[PDB]
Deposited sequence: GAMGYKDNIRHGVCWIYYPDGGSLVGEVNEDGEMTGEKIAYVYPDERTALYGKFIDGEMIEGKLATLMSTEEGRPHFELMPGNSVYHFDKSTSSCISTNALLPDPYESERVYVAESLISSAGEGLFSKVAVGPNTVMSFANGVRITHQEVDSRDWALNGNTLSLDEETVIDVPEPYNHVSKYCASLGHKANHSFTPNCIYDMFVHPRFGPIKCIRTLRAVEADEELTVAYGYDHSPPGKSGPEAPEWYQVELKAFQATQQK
């Protein structure tokens, strides 16, 4: 008759009445995003989202969440990428991310598109998700920088990539974290994230308060002394950065 909440270190959670084995299995289980307000509510099996409908957590009473479903028939399911498939719904945006960021021309000279905040937020705020296909460090390291513009290390075994043509928002917009540009004085960091649709990925989290329409940047963190193993635009920027220092 009790309700359990299981928080990941990133601040998202699963919440529901667990079954006899103590598992998050039922028709009224929910994933709640780190705002503690946006939720995906519905059928889960042992914590895996089978059919989560978009909802708002309106209140909690005696620990029990009370949700209101959002209009539309916005449904989501566990859909972890493979080495060759990025998403079964590449054009279906994440509903939490879509309230917080948008893509526009970067303010950084010659840097293409960038990722911007839609609203003012405080420090430590998860803004965007970095999802992609899952490939090995051997594949990435053994190949040309021209092909490695979007590669993000996930852990010691996996690199997340957004290969052509999925680097265009008209072909892939389920997540947008690959759109953040590099800065040596960034306002955001990459952090681990466990996502109910994307699985184990990284997110973009603010280090400080950010205003609406501010460009979000992260330090790409290439090895500076393996000179730097990095693209030339970064090597140039590193020298300039080191100079002002």
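Asker: What gaps appear when the modelled C-alpha atoms are mapped onto the deposited sequence?
Answerer: Going by the record, the segments left unmodelled (no C-alpha atoms) fall at 1 to 10, 237 to 240, 260 to 261.
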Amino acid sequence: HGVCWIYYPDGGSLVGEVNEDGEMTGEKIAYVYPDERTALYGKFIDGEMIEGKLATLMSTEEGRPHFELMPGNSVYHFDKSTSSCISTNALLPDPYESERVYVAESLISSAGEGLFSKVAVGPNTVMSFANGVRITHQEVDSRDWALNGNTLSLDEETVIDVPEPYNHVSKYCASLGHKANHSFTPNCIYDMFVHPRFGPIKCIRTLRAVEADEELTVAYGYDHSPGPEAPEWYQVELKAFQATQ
From here on, numbers count along this sequence of modelled residues.
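Asker: Going by the mean C-alpha B-factor recorded in the entry, which is higher: 127 to 135 or 72 to 80?
Answerer: For C-alpha atoms only, the mean B-factor is higher in 72 to 80.
Asker: Tell me which of 30 to 38 and 44 to 52 has the higher mean C-alpha B-factor in the deposited entry.
Answerer: That would be 44 to 52.
Asker: Which is it among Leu115, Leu147, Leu91, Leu152: the one with the largest CA B-factor in the entry?
Answerer: Highest CA B-factor of the listed options: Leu147.
Asker: Considering every modelled residue of the chain and its Cα B-factor in the PDB entry, is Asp141 in the lowest, middle or highest third?
Answerer: Answer is highest: the recorded C-alpha B-factor places it there.
Asker: In terms of the CA temperature factor given in the entry, to which third of its chain does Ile204 belong: lowest, middle or highest?
Answerer: Answer is lowest: the recorded C-alpha B-factor places it there.
Asker: Please rank the C-alpha B-factors of the chain's modelled residues and tell me whether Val3 sits in the lowest, middle or highest third.
Answerer: CA B-factor rank for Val3: middle third.
Asker: Using the B-factors in the PDB entry, rank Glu97's C-alpha atom against the chain and give the third, lowest, middle or highest.
Answerer: For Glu97, whose C-alpha B-factor we compare with every modelled residue in the chain, the answer is the lowest third.
Asker: Going by the recorded CA B-factors, say which third of the chain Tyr190 sits in, lowest, middle or highest.
Answerer: It belongs to the middle third of the chain when residues are ordered by C-alpha B-factor.
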